[PDB]
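S.K.: Provided herewith: my_file.txt, compact mmCIF, N, CA and C atoms and all ligand atoms.
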```
# COMPACT_ATOMS: atom_id res chain seq x y z
N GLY A 1 129.24 89.02 134.86
CA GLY A 1 128.97 89.05 136.29
C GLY A 1 128.03 90.19 136.66
N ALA A 2 127.39 90.76 135.65
CA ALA A 2 126.43 91.85 135.82
C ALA A 2 125.69 92.13 134.52
N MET A 3 126.05 91.40 133.46
CA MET A 3 125.58 91.71 132.11
C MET A 3 124.68 90.63 131.52
N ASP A 4 124.39 89.60 132.31
CA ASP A 4 123.52 88.53 131.82
C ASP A 4 122.07 89.03 131.69
N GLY A 5 121.38 88.48 130.70
CA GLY A 5 120.10 88.99 130.27
C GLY A 5 118.93 88.25 130.88
N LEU A 6 117.85 88.22 130.12
CA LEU A 6 116.63 87.54 130.53
C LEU A 6 116.82 86.03 130.64
N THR A 7 116.06 85.44 131.55
CA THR A 7 116.01 84.00 131.70
C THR A 7 114.60 83.51 131.94
N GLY A 8 114.44 82.20 131.85
CA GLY A 8 113.21 81.56 132.27
C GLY A 8 111.99 81.98 131.49
N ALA A 9 110.86 82.06 132.19
CA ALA A 9 109.58 82.40 131.57
C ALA A 9 109.56 83.82 131.00
N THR A 10 110.25 84.74 131.68
CA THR A 10 110.34 86.13 131.25
C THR A 10 111.03 86.21 129.88
N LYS A 11 112.13 85.48 129.71
CA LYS A 11 112.84 85.47 128.42
C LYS A 11 111.95 84.97 127.28
N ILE A 12 111.30 83.84 127.50
CA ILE A 12 110.45 83.25 126.46
C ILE A 12 109.31 84.20 126.11
N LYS A 13 108.64 84.72 127.13
CA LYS A 13 107.50 85.62 126.94
C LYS A 13 107.87 86.87 126.14
N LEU A 14 108.96 87.51 126.52
CA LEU A 14 109.33 88.77 125.88
C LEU A 14 109.95 88.54 124.50
N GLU A 15 110.81 87.54 124.36
CA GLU A 15 111.39 87.26 123.04
C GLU A 15 110.35 86.73 122.06
N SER A 16 109.40 85.91 122.53
CA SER A 16 108.29 85.43 121.68
C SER A 16 107.39 86.56 121.20
N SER A 17 107.11 87.50 122.09
CA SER A 17 106.24 88.62 121.78
C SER A 17 106.94 89.55 120.81
N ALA A 18 108.25 89.72 120.97
CA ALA A 18 109.01 90.55 120.04
C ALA A 18 109.05 89.91 118.66
N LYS A 19 109.31 88.61 118.62
CA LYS A 19 109.40 87.91 117.34
C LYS A 19 108.07 88.00 116.59
N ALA A 20 106.95 87.96 117.30
CA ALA A 20 105.64 88.08 116.67
C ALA A 20 105.48 89.39 115.88
N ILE A 21 106.10 90.45 116.36
CA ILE A 21 106.07 91.71 115.62
C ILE A 21 106.81 91.56 114.31
N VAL A 22 108.03 91.03 114.41
CA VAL A 22 108.88 90.91 113.24
C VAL A 22 108.18 90.00 112.22
N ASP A 23 107.61 88.89 112.69
CA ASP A 23 106.90 87.98 111.80
C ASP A 23 105.72 88.68 111.12
N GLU A 24 104.96 89.45 111.89
CA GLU A 24 103.80 90.13 111.33
C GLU A 24 104.22 91.15 110.26
N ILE A 25 105.27 91.90 110.56
CA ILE A 25 105.71 92.92 109.63
C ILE A 25 106.31 92.26 108.39
N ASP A 26 107.04 91.17 108.55
CA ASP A 26 107.51 90.44 107.37
C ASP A 26 106.35 90.04 106.47
N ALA A 27 105.26 89.57 107.07
CA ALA A 27 104.11 89.14 106.29
C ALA A 27 103.40 90.31 105.61
N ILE A 28 103.28 91.43 106.31
CA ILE A 28 102.74 92.66 105.74
C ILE A 28 103.56 93.09 104.52
N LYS A 29 104.88 93.03 104.66
CA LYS A 29 105.77 93.45 103.59
C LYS A 29 105.57 92.57 102.36
N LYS A 30 105.32 91.28 102.60
CA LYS A 30 105.12 90.34 101.49
C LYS A 30 103.80 90.58 100.78
N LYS A 31 102.76 90.86 101.55
CA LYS A 31 101.48 91.22 100.97
C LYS A 31 101.64 92.49 100.17
N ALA A 32 102.28 93.49 100.76
CA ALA A 32 102.49 94.74 100.04
C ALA A 32 103.18 94.50 98.71
N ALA A 33 104.21 93.67 98.73
CA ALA A 33 104.99 93.43 97.53
C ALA A 33 104.13 92.81 96.43
N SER A 34 103.19 91.96 96.84
CA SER A 34 102.32 91.29 95.88
C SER A 34 101.33 92.24 95.21
N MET A 35 101.08 93.38 95.85
CA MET A 35 100.15 94.40 95.36
C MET A 35 100.89 95.64 94.86
N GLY A 36 102.21 95.63 94.95
CA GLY A 36 103.02 96.74 94.46
C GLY A 36 103.00 97.98 95.34
N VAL A 37 102.85 97.79 96.64
CA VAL A 37 102.74 98.90 97.59
C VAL A 37 104.07 99.22 98.25
N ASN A 38 104.41 100.51 98.27
CA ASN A 38 105.62 100.99 98.92
C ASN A 38 105.25 101.82 100.16
N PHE A 39 105.78 101.43 101.32
CA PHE A 39 105.48 102.13 102.57
C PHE A 39 106.29 103.40 102.77
N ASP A 40 107.08 103.79 101.77
CA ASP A 40 107.94 104.97 101.89
C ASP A 40 107.12 106.18 102.36
N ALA A 41 107.43 106.68 103.55
CA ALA A 41 106.59 107.69 104.20
C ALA A 41 106.47 108.99 103.40
N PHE A 42 107.54 109.40 102.74
CA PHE A 42 107.54 110.65 101.98
C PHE A 42 106.71 110.54 100.69
N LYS A 43 106.43 109.30 100.29
CA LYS A 43 105.60 109.03 99.11
C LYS A 43 104.25 108.44 99.51
N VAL A 51 97.50 109.07 108.68
CA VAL A 51 96.95 110.12 107.84
C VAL A 51 97.05 109.74 106.35
N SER A 52 97.41 108.49 106.07
CA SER A 52 97.56 108.01 104.69
C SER A 52 96.22 108.00 103.94
N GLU A 53 96.29 108.04 102.61
CA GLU A 53 95.10 107.96 101.77
C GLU A 53 94.83 106.53 101.30
N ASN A 54 95.77 105.63 101.55
CA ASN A 54 95.69 104.26 101.05
C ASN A 54 95.14 103.25 102.08
N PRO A 55 93.99 102.60 101.78
CA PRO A 55 93.34 101.63 102.67
C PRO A 55 94.25 100.53 103.19
N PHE A 56 95.13 100.03 102.32
CA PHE A 56 96.00 98.93 102.70
C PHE A 56 97.03 99.35 103.72
N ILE A 57 97.62 100.53 103.51
CA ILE A 57 98.58 101.07 104.47
C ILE A 57 97.87 101.32 105.81
N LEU A 58 96.63 101.79 105.78
CA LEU A 58 95.88 101.99 107.02
C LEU A 58 95.74 100.68 107.80
N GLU A 59 95.31 99.62 107.11
CA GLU A 59 95.13 98.31 107.74
C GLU A 59 96.47 97.79 108.26
N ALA A 60 97.51 97.99 107.47
CA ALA A 60 98.85 97.51 107.81
C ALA A 60 99.31 98.13 109.11
N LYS A 61 99.12 99.44 109.22
CA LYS A 61 99.56 100.10 110.43
C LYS A 61 98.74 99.65 111.64
N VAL A 62 97.44 99.40 111.48
CA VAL A 62 96.63 98.89 112.59
C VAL A 62 97.11 97.51 113.01
N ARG A 63 97.28 96.61 112.03
CA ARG A 63 97.79 95.28 112.32
C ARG A 63 99.14 95.32 113.05
N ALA A 64 100.07 96.09 112.52
CA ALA A 64 101.41 96.11 113.10
C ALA A 64 101.39 96.72 114.49
N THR A 65 100.66 97.82 114.67
CA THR A 65 100.66 98.46 115.97
C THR A 65 99.91 97.61 117.01
N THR A 66 98.92 96.80 116.61
CA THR A 66 98.29 95.84 117.54
C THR A 66 99.25 94.80 118.07
N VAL A 67 99.98 94.12 117.18
CA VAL A 67 100.90 93.10 117.64
C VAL A 67 102.03 93.77 118.47
N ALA A 68 102.46 94.95 118.07
CA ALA A 68 103.52 95.63 118.80
C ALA A 68 103.07 96.04 120.18
N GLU A 69 101.84 96.49 120.32
CA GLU A 69 101.36 96.91 121.63
C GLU A 69 101.26 95.70 122.57
N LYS A 70 100.97 94.50 122.04
CA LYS A 70 100.91 93.31 122.90
C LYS A 70 102.28 93.05 123.50
N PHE A 71 103.29 93.25 122.67
CA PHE A 71 104.68 93.16 123.13
C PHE A 71 105.02 94.19 124.19
N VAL A 72 104.64 95.44 123.98
CA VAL A 72 104.96 96.44 124.97
C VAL A 72 104.23 96.18 126.28
N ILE A 73 102.97 95.76 126.22
CA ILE A 73 102.28 95.35 127.44
C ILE A 73 103.05 94.23 128.14
N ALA A 74 103.58 93.27 127.38
CA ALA A 74 104.37 92.19 127.98
C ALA A 74 105.60 92.74 128.68
N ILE A 75 106.26 93.70 128.05
CA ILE A 75 107.36 94.40 128.71
C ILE A 75 106.91 95.06 130.01
N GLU A 76 105.78 95.75 130.00
CA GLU A 76 105.31 96.44 131.21
C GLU A 76 105.04 95.40 132.29
N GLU A 77 104.42 94.29 131.93
CA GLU A 77 104.10 93.26 132.91
C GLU A 77 105.36 92.70 133.56
N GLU A 78 106.36 92.40 132.74
CA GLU A 78 107.56 91.75 133.25
C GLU A 78 108.44 92.74 134.01
N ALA A 79 108.56 93.97 133.53
CA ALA A 79 109.31 95.00 134.25
C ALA A 79 108.68 95.21 135.62
N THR A 80 107.36 95.28 135.66
CA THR A 80 106.68 95.40 136.95
C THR A 80 107.01 94.22 137.87
N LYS A 81 106.95 93.00 137.34
CA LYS A 81 107.26 91.80 138.14
C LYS A 81 108.67 91.86 138.71
N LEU A 82 109.59 92.36 137.90
CA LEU A 82 111.02 92.38 138.23
C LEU A 82 111.46 93.64 138.96
N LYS A 83 110.50 94.47 139.36
CA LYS A 83 110.85 95.73 140.01
C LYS A 83 111.78 95.52 141.23
N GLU A 84 111.42 94.58 142.11
CA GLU A 84 112.15 94.37 143.36
C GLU A 84 113.45 93.59 143.18
N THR A 85 113.48 92.63 142.25
CA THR A 85 114.61 91.71 142.21
C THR A 85 115.26 91.57 140.83
N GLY A 86 114.75 92.28 139.83
CA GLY A 86 115.36 92.27 138.51
C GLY A 86 116.73 92.93 138.51
N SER A 87 117.60 92.47 137.61
CA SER A 87 118.99 92.94 137.49
C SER A 87 119.11 93.98 136.38
N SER A 88 120.20 94.74 136.42
CA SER A 88 120.51 95.70 135.34
C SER A 88 120.52 95.05 133.95
N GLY A 89 121.07 93.85 133.89
CA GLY A 89 121.19 93.12 132.64
C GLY A 89 119.84 92.76 132.11
N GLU A 90 118.89 92.48 133.00
CA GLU A 90 117.53 92.15 132.56
C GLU A 90 116.82 93.38 131.99
N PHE A 91 116.93 94.50 132.68
CA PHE A 91 116.31 95.73 132.21
C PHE A 91 116.92 96.23 130.89
N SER A 92 118.23 96.12 130.76
CA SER A 92 118.90 96.49 129.51
C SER A 92 118.43 95.60 128.35
N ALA A 93 118.22 94.32 128.63
CA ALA A 93 117.73 93.39 127.62
C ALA A 93 116.32 93.74 127.18
N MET A 94 115.49 94.24 128.10
CA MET A 94 114.12 94.65 127.74
C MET A 94 114.18 95.85 126.81
N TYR A 95 115.08 96.77 127.10
CA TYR A 95 115.28 97.92 126.24
C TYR A 95 115.73 97.45 124.87
N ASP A 96 116.69 96.53 124.83
CA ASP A 96 117.16 96.04 123.54
C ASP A 96 116.02 95.50 122.69
N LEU A 97 115.09 94.75 123.28
CA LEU A 97 113.95 94.22 122.50
C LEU A 97 113.10 95.39 121.96
N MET A 98 112.83 96.39 122.80
CA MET A 98 112.01 97.52 122.35
C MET A 98 112.67 98.26 121.22
N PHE A 99 113.96 98.51 121.34
CA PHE A 99 114.66 99.22 120.30
C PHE A 99 114.74 98.41 119.01
N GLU A 100 114.98 97.11 119.13
CA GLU A 100 115.07 96.28 117.96
C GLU A 100 113.75 96.21 117.20
N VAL A 101 112.62 96.07 117.88
CA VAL A 101 111.35 95.97 117.15
C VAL A 101 110.90 97.34 116.64
N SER A 102 111.43 98.43 117.16
CA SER A 102 111.09 99.75 116.61
C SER A 102 111.55 99.91 115.17
N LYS A 103 112.56 99.15 114.79
CA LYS A 103 113.17 99.29 113.47
C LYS A 103 112.23 98.82 112.36
N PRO A 104 111.70 97.59 112.43
CA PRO A 104 110.73 97.21 111.39
C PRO A 104 109.45 98.03 111.41
N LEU A 105 109.07 98.55 112.57
CA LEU A 105 107.91 99.40 112.68
C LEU A 105 108.13 100.69 111.89
N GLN A 106 109.32 101.26 112.06
CA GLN A 106 109.70 102.45 111.31
C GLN A 106 109.68 102.19 109.80
N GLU A 107 110.10 101.00 109.41
CA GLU A 107 110.14 100.64 108.00
C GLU A 107 108.74 100.56 107.38
N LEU A 108 107.70 100.45 108.19
CA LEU A 108 106.33 100.46 107.67
C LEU A 108 105.83 101.88 107.45
N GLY A 109 106.72 102.84 107.68
CA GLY A 109 106.36 104.23 107.50
C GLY A 109 105.86 104.89 108.77
N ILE A 110 106.07 104.23 109.93
CA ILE A 110 105.79 104.86 111.22
C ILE A 110 107.00 105.71 111.57
N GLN A 111 106.93 106.98 111.20
CA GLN A 111 108.07 107.85 111.26
C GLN A 111 108.49 108.06 112.70
N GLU A 112 109.79 108.12 112.92
CA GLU A 112 110.35 108.45 114.23
C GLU A 112 110.20 107.32 115.23
N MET A 113 109.91 106.10 114.79
CA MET A 113 109.65 105.08 115.80
C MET A 113 110.91 104.73 116.59
N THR A 114 112.06 104.58 115.94
CA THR A 114 113.25 104.21 116.69
C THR A 114 113.63 105.37 117.59
N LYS A 115 113.43 106.60 117.14
CA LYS A 115 113.78 107.77 117.96
C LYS A 115 112.84 107.93 119.16
N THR A 116 111.57 107.55 119.00
CA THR A 116 110.66 107.56 120.14
C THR A 116 111.28 106.75 121.29
N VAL A 117 111.84 105.60 120.95
CA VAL A 117 112.38 104.69 121.94
C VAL A 117 113.71 105.18 122.47
N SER A 118 114.64 105.54 121.59
CA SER A 118 115.94 105.95 122.08
C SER A 118 115.90 107.28 122.87
N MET A 119 115.06 108.21 122.43
CA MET A 119 114.91 109.47 123.14
C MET A 119 114.33 109.20 124.53
N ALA A 120 113.35 108.31 124.62
CA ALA A 120 112.74 107.97 125.92
C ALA A 120 113.83 107.46 126.84
N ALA A 121 114.75 106.67 126.29
CA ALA A 121 115.82 106.11 127.12
C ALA A 121 116.83 107.17 127.51
N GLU A 122 116.97 108.22 126.72
CA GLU A 122 117.82 109.34 127.13
C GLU A 122 117.29 110.03 128.40
N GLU A 123 115.97 110.22 128.49
CA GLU A 123 115.38 110.85 129.66
C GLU A 123 115.41 109.89 130.83
N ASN A 124 115.01 108.64 130.57
CA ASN A 124 114.83 107.64 131.62
C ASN A 124 115.48 106.33 131.20
N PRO A 125 116.77 106.15 131.52
CA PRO A 125 117.43 104.98 130.95
C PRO A 125 117.03 103.68 131.63
N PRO A 126 117.21 102.56 130.93
CA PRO A 126 116.73 101.26 131.40
C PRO A 126 117.68 100.61 132.39
N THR A 127 118.11 101.38 133.39
CA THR A 127 118.95 100.87 134.49
C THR A 127 118.13 100.31 135.63
N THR A 128 116.82 100.52 135.55
CA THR A 128 115.86 100.11 136.56
C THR A 128 114.55 99.69 135.90
N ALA A 129 113.66 99.06 136.67
CA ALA A 129 112.31 98.79 136.18
C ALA A 129 111.58 100.09 135.84
N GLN A 130 111.78 101.10 136.69
CA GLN A 130 111.17 102.42 136.49
C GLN A 130 111.51 102.97 135.12
N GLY A 131 112.79 102.89 134.76
CA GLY A 131 113.22 103.36 133.47
C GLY A 131 112.59 102.59 132.33
N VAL A 132 112.61 101.27 132.41
CA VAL A 132 111.99 100.45 131.37
C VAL A 132 110.53 100.84 131.20
N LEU A 133 109.84 101.02 132.32
CA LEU A 133 108.41 101.32 132.31
C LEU A 133 108.16 102.67 131.65
N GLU A 134 109.03 103.65 131.88
CA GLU A 134 108.85 104.96 131.25
C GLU A 134 109.05 104.88 129.73
N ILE A 135 110.05 104.15 129.31
CA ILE A 135 110.33 103.95 127.89
C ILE A 135 109.17 103.20 127.23
N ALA A 136 108.70 102.14 127.91
CA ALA A 136 107.57 101.36 127.41
C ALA A 136 106.33 102.22 127.27
N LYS A 137 106.09 103.09 128.24
CA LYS A 137 104.92 103.97 128.21
C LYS A 137 104.96 104.86 126.97
N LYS A 138 106.10 105.48 126.70
CA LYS A 138 106.26 106.35 125.54
C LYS A 138 106.10 105.52 124.26
N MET A 139 106.67 104.33 124.22
CA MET A 139 106.56 103.48 123.03
C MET A 139 105.11 103.10 122.79
N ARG A 140 104.45 102.67 123.85
CA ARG A 140 103.04 102.25 123.74
C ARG A 140 102.16 103.43 123.34
N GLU A 141 102.38 104.62 123.90
CA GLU A 141 101.59 105.81 123.55
C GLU A 141 101.72 106.14 122.06
N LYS A 142 102.94 106.03 121.55
CA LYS A 142 103.20 106.26 120.15
C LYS A 142 102.45 105.24 119.28
N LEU A 143 102.55 103.96 119.62
CA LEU A 143 101.81 102.91 118.91
C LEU A 143 100.32 103.21 118.90
N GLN A 144 99.81 103.63 120.05
CA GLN A 144 98.37 103.91 120.19
C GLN A 144 97.93 105.06 119.33
N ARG A 145 98.73 106.11 119.25
CA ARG A 145 98.40 107.26 118.43
C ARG A 145 98.31 106.85 116.97
N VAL A 146 99.30 106.07 116.53
CA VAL A 146 99.31 105.58 115.16
C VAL A 146 98.10 104.68 114.92
N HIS A 147 97.88 103.74 115.83
CA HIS A 147 96.76 102.82 115.77
C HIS A 147 95.44 103.56 115.58
N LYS A 148 95.20 104.58 116.40
CA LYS A 148 93.93 105.30 116.38
C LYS A 148 93.75 106.04 115.08
N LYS A 149 94.78 106.77 114.66
CA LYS A 149 94.64 107.59 113.46
C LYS A 149 94.23 106.73 112.29
N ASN A 150 94.88 105.58 112.16
CA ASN A 150 94.64 104.71 111.03
C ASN A 150 93.34 103.92 111.16
N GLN A 151 93.06 103.41 112.36
CA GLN A 151 91.79 102.72 112.59
C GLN A 151 90.58 103.64 112.36
N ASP A 152 90.66 104.88 112.85
CA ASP A 152 89.53 105.80 112.73
C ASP A 152 89.21 106.11 111.28
N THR A 153 90.27 106.27 110.49
CA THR A 153 90.16 106.57 109.07
C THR A 153 89.46 105.41 108.38
N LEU A 154 89.90 104.21 108.73
CA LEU A 154 89.26 102.98 108.27
C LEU A 154 87.80 102.92 108.72
NI NI B 201 127.68 90.27 133.82
```
Once you've parsed the file, please lay out its structure as structure tokens.

M.R.:
Amino acid sequence: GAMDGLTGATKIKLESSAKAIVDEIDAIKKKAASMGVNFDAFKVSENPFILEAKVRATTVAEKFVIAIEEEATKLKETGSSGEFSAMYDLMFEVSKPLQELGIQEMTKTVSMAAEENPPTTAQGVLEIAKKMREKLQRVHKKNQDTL
């Protein structure tokens, strides 16, 4: 009676965009495996493939975060707590495979952002999305520039 999530076009748009990240990262992982590449961060990269991988992953992920920003903005006036919490859940969930590509601190970027500005409102979602997107962009640039 207060915990129901996304519906309609917003649900399809955001869940589809999130799934695209997971699909892309799964495919990157498979390519890596075929070439014997390990994304283990402890082992600015020197490896061309890892550079491309991070650009690819952060591109698809940023499209998702933009989708979050668009829908949170749309839902500012009439969106429910359950909808905003669901948007946070998608951001946090896709941060996990991103971190596994060696994007250090990705899940913490998201959860820490929610500590300052929790997803109880559109404003909160937008602040978390901004921090997530900024992090993606920083990673994107460093690796693209090197390339
Ligand atoms: Ni409910």

S.K.: Suppose you want the space between atom CA of residue 103 of chain A and atom C of residue 154 of chain A; what is it in Å?

M.R.: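 Atom C of residue 154 of chain A lies at a distance of 26.1 Å from atom CA of residue 103 of chain A.
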
S.K.: Given only N, CA and C atoms and all ligand atoms, how would the per-residue table for chain A near ligand NI 201 (chain B) read, listing every residue at most 6 Å away with its closest atom pair and distance in Å to one decimal, sorted by chain and number, as CSV?

M.R.:
```
residue,atom,partner,partner_atom,distance
A:1,N,B:NI201,NI,2.3
A:2,N,B:NI201,NI,1.9
A:3,N,B:NI201,NI,2.0
A:4,N,B:NI201,NI,3.7
```

S.K.: Output N, CA and C atoms for every residue in that selection, as a JSON list (two decimals), in the frame of the given file.

M.R.:
```
[["chain", "number", "residue", "atom", "x", "y", "z"],
["A", 1, "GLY", "N", 129.24, 89.02, 134.86],
["A", 1, "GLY", "CA", 128.97, 89.05, 136.29],
["A", 1, "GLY", "C", 128.03, 90.19, 136.66],
["A", 2, "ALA", "N", 127.39, 90.76, 135.65],
["A", 2, "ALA", "CA", 126.43, 91.85, 135.82],
["A", 2, "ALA", "C", 125.69, 92.13, 134.52],
["A", 3, "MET", "N", 126.05, 91.40, 133.46],
["A", 3, "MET", "CA", 125.58, 91.71, 132.11],
["A", 3, "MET", "C", 124.68, 90.63, 131.52],
["A", 4, "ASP", "N", 124.39, 89.60, 132.31],
["A", 4, "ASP", "CA", 123.52, 88.53, 131.82],
["A", 4, "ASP", "C", 122.07, 89.03, 131.69]]
```

S.K.: What does the distance between atom CA of residue 147 of chain A and atom CA of residue 58 of chain A come to in Å, to one decimal place?

M.R.: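 Between these atoms lies a distance of 8.8 Å.
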
S.K.: Extract, using only C-alpha atoms, all DNA, RNA and protein residues at most 9 Å from residue 83 of chain A, discarding same-chain residues fewer than 4 positions from it, and format them as an MDAnalysis selection string.

M.R.: chainID A and resid 78:79 87 128:130

S.K.: Take the selection from the previous step and output its residues with N, CA and C atoms, as an mmCIF file, keeping the file's coordinate frame.

M.R.:
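Result file is result.cif:
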```cif
data_model
loop_
_atom_site.group_PDB
_atom_site.id
_atom_site.type_symbol
_atom_site.label_atom_id
_atom_site.label_comp_id
_atom_site.auth_asym_id
_atom_site.auth_seq_id
_atom_site.Cartn_x
_atom_site.Cartn_y
_atom_site.Cartn_z
ATOM 1 N N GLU A 78 106.360 92.400 132.740
ATOM 2 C CA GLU A 78 107.560 91.750 133.250
ATOM 3 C C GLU A 78 108.440 92.740 134.010
ATOM 4 N N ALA A 79 108.560 93.970 133.530
ATOM 5 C CA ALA A 79 109.310 95.000 134.250
ATOM 6 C C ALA A 79 108.680 95.210 135.620
ATOM 7 N N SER A 87 117.600 92.470 137.610
ATOM 8 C CA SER A 87 118.990 92.940 137.490
ATOM 9 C C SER A 87 119.110 93.980 136.380
ATOM 10 N N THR A 128 116.820 100.520 135.550
ATOM 11 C CA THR A 128 115.860 100.110 136.560
ATOM 12 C C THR A 128 114.550 99.690 135.900
ATOM 13 N N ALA A 129 113.660 99.060 136.670
ATOM 14 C CA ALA A 129 112.310 98.790 136.180
ATOM 15 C C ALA A 129 111.580 100.090 135.840
ATOM 16 N N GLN A 130 111.780 101.100 136.690
ATOM 17 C CA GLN A 130 111.170 102.420 136.490
ATOM 18 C C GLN A 130 111.510 102.970 135.120
#
```

S.K.: Expressed in Å to a single decimal, how great is the separation between atom CA of residue 80 of chain A and atom N of residue 104 of chain A?

M.R.: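 Those two atoms sit 25.1 Å apart.
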
S.K.: Apply DSSP to the structure's backbone, then extract all residues of chain A labelled helix (DSSP H, G or I) and return them as a PyMOL selection string.

M.R.: chain A and resi 8-35+55-81+88-107+113-123+129-153

S.K.: As number ranges by chain, please: the residues near segment 105-117 of chain A (cut-off 5 Å, only N, CA and C atoms, same-chain neighbours under 4 positions excluded).

M.R.: A: 39, 41, 101, 121

S.K.: Which of these, A:151, A:91, A:25, A:51, has the shortest distance to residue 131 of chain A once you count all atoms listed in the file?

M.R.: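 Using all atoms listed in the file, residue 131 of chain A sits closest to A:91.
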
S.K.: Is there a way to complete segment 102-118 of chain A with N, CA, C and O atoms and then write that out as a PDB file, in the frame of the given file?

M.R.:
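Wrote part_27.pdb, looks like this:
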```
ATOM      1  N   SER A 102     111.430  98.430 117.160  1.00  0.00           N
ATOM      2  CA  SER A 102     111.090  99.750 116.610  1.00  0.00           C
ATOM      3  C   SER A 102     111.550  99.910 115.170  1.00  0.00           C
ATOM      4  O   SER A 102     110.975 100.701 114.419  1.00  0.00           O
ATOM      5  N   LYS A 103     112.560  99.150 114.790  1.00  0.00           N
ATOM      6  CA  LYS A 103     113.170  99.290 113.470  1.00  0.00           C
ATOM      7  C   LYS A 103     112.230  98.820 112.360  1.00  0.00           C
ATOM      8  O   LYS A 103     111.921  99.600 111.459  1.00  0.00           O
ATOM      9  N   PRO A 104     111.700  97.590 112.430  1.00  0.00           N
ATOM     10  CA  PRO A 104     110.730  97.210 111.390  1.00  0.00           C
ATOM     11  C   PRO A 104     109.450  98.030 111.410  1.00  0.00           C
ATOM     12  O   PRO A 104     108.831  98.219 110.373  1.00  0.00           O
ATOM     13  N   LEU A 105     109.070  98.550 112.570  1.00  0.00           N
ATOM     14  CA  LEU A 105     107.910  99.400 112.680  1.00  0.00           C
ATOM     15  C   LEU A 105     108.130 100.690 111.890  1.00  0.00           C
ATOM     16  O   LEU A 105     107.262 101.147 111.129  1.00  0.00           O
ATOM     17  N   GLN A 106     109.320 101.260 112.060  1.00  0.00           N
ATOM     18  CA  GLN A 106     109.700 102.450 111.310  1.00  0.00           C
ATOM     19  C   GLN A 106     109.680 102.190 109.800  1.00  0.00           C
ATOM     20  O   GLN A 106     109.280 103.036 108.985  1.00  0.00           O
ATOM     21  N   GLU A 107     110.100 101.000 109.410  1.00  0.00           N
ATOM     22  CA  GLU A 107     110.140 100.640 108.000  1.00  0.00           C
ATOM     23  C   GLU A 107     108.740 100.560 107.380  1.00  0.00           C
ATOM     24  O   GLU A 107     108.610 100.605 106.160  1.00  0.00           O
ATOM     25  N   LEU A 108     107.700 100.450 108.190  1.00  0.00           N
ATOM     26  CA  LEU A 108     106.330 100.460 107.670  1.00  0.00           C
ATOM     27  C   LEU A 108     105.830 101.880 107.450  1.00  0.00           C
ATOM     28  O   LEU A 108     104.688 102.105 107.045  1.00  0.00           O
ATOM     29  N   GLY A 109     106.720 102.840 107.680  1.00  0.00           N
ATOM     30  CA  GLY A 109     106.360 104.230 107.500  1.00  0.00           C
ATOM     31  C   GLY A 109     105.860 104.890 108.770  1.00  0.00           C
ATOM     32  O   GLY A 109     105.282 105.989 108.681  1.00  0.00           O
ATOM     33  N   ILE A 110     106.070 104.230 109.930  1.00  0.00           N
ATOM     34  CA  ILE A 110     105.790 104.860 111.220  1.00  0.00           C
ATOM     35  C   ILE A 110     107.000 105.710 111.570  1.00  0.00           C
ATOM     36  O   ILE A 110     107.977 105.221 112.100  1.00  0.00           O
ATOM     37  N   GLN A 111     106.930 106.980 111.200  1.00  0.00           N
ATOM     38  CA  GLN A 111     108.070 107.850 111.260  1.00  0.00           C
ATOM     39  C   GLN A 111     108.490 108.060 112.700  1.00  0.00           C
ATOM     40  O   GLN A 111     107.639 108.097 113.578  1.00  0.00           O
ATOM     41  N   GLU A 112     109.790 108.120 112.920  1.00  0.00           N
ATOM     42  CA  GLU A 112     110.350 108.450 114.230  1.00  0.00           C
ATOM     43  C   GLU A 112     110.200 107.320 115.230  1.00  0.00           C
ATOM     44  O   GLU A 112     110.300 107.558 116.434  1.00  0.00           O
ATOM     45  N   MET A 113     109.910 106.100 114.790  1.00  0.00           N
ATOM     46  CA  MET A 113     109.650 105.080 115.800  1.00  0.00           C
ATOM     47  C   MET A 113     110.910 104.730 116.590  1.00  0.00           C
ATOM     48  O   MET A 113     110.845 104.613 117.820  1.00  0.00           O
ATOM     49  N   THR A 114     112.060 104.580 115.940  1.00  0.00           N
ATOM     50  CA  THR A 114     113.250 104.210 116.690  1.00  0.00           C
ATOM     51  C   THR A 114     113.630 105.370 117.590  1.00  0.00           C
ATOM     52  O   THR A 114     114.079 105.161 118.703  1.00  0.00           O
ATOM     53  N   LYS A 115     113.430 106.600 117.140  1.00  0.00           N
ATOM     54  CA  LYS A 115     113.780 107.770 117.960  1.00  0.00           C
ATOM     55  C   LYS A 115     112.840 107.930 119.160  1.00  0.00           C
ATOM     56  O   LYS A 115     113.258 108.398 120.219  1.00  0.00           O
ATOM     57  N   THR A 116     111.570 107.550 119.000  1.00  0.00           N
ATOM     58  CA  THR A 116     110.660 107.560 120.140  1.00  0.00           C
ATOM     59  C   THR A 116     111.280 106.750 121.290  1.00  0.00           C
ATOM     60  O   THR A 116     111.296 107.180 122.449  1.00  0.00           O
ATOM     61  N   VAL A 117     111.840 105.600 120.950  1.00  0.00           N
ATOM     62  CA  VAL A 117     112.380 104.690 121.940  1.00  0.00           C
ATOM     63  C   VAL A 117     113.710 105.180 122.470  1.00  0.00           C
ATOM     64  O   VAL A 117     113.917 105.270 123.695  1.00  0.00           O
ATOM     65  N   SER A 118     114.640 105.540 121.590  1.00  0.00           N
ATOM     66  CA  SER A 118     115.940 105.950 122.080  1.00  0.00           C
ATOM     67  C   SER A 118     115.900 107.280 122.870  1.00  0.00           C
ATOM     68  O   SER A 118     116.617 107.444 123.850  1.00  0.00           O
TER      69      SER A 118
END
```
